């Protein structure tokens, strides 16, 4: 098979500057008809893969001319001039010279931007959930940069780890930040035996954590 190799990650790119993604193939993709059968596509969460470039240098429909591709038969580079926030995603090279079809492992484009502390919001279990004997306490830690963050839960001032599940978004297509949801799930009975619940977020922005909290009896 023709193996397509590309790096998982690229240099973080500041908005308005260029990015370059490399790929290579074990066999030349130049056909005797003079066309090179390399294509590039972009994957974003929540939508279908989108073709960017085909036959090594031809733009696909809808694709702006800040995208370009060049190469030999075996070594290729996709370039993006003047990167925009919506360009974030995973860029794949692949070949359509021969069967079997083969695909690269994808290169994630990451945008570099200014640091941002998280906006932290805490929510008690909804009455509706409690009626079924469940109790999820949710904390969103939203629109922060860079992506590294930590969350800690306190029930009546005492650290709690069990029952916490975290979910992280990919980089935002509008503001190039990251977000996190953290949920502490407990029975209704254990929820109702404690009063103070707390979410605390630690992020490089501040050496002190942003803490959010409520008291159940209020």
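Positions refer to the first chain, counted from 1.
Q: State which stretch shows the higher mean Cα B factor in the entry: 150-158 or 177-185.
A: Stretch with the greater average CA B-factor: 150-158.
Q: For the higher mean C-alpha B factor in the entry, choose 44-52 or 31-39.
A: Stretch with the higher mean C-alpha B-factor: 44-52.
Q: Reading the B-factor column of the entry, which of 130, 94, 99, 88 has the highest value at its C-alpha atom?
A: Spelled out: the listed residue with the top C-alpha B-factor is 130.
Q: Once the chain's modelled residues are ordered by C-alpha B factor and cut into thirds, is residue 74 in the lowest, middle or highest one?
A: Lowest third of the chain for residue 74's C-alpha B-factor.
Q: Which third of the chain holds residue 68 when residues are ordered by C-alpha B factor: lowest, middle or highest?
A: It falls in the middle third of the chain.
Q: Per the entry's values, where does residue 196 land by CA temperature factor relative to the rest of its chain, in the lowest, middle or highest third?
A: Its C-alpha B-factor, which the entry lists for residue 196, ranks in the highest third among residues of this chain.
Q: Split into thirds by Cα B-factor across the chain's modelled residues, where does residue 15 land: lowest, middle or highest?
A: Its C-alpha B-factor belongs to the middle third of this chain's values.
Q: Can you tell me which third, lowest, middle or highest, the CA B-factor of residue 202 falls into for its chain?
A: Highest third, going by the recorded CA B-factors of the chain.
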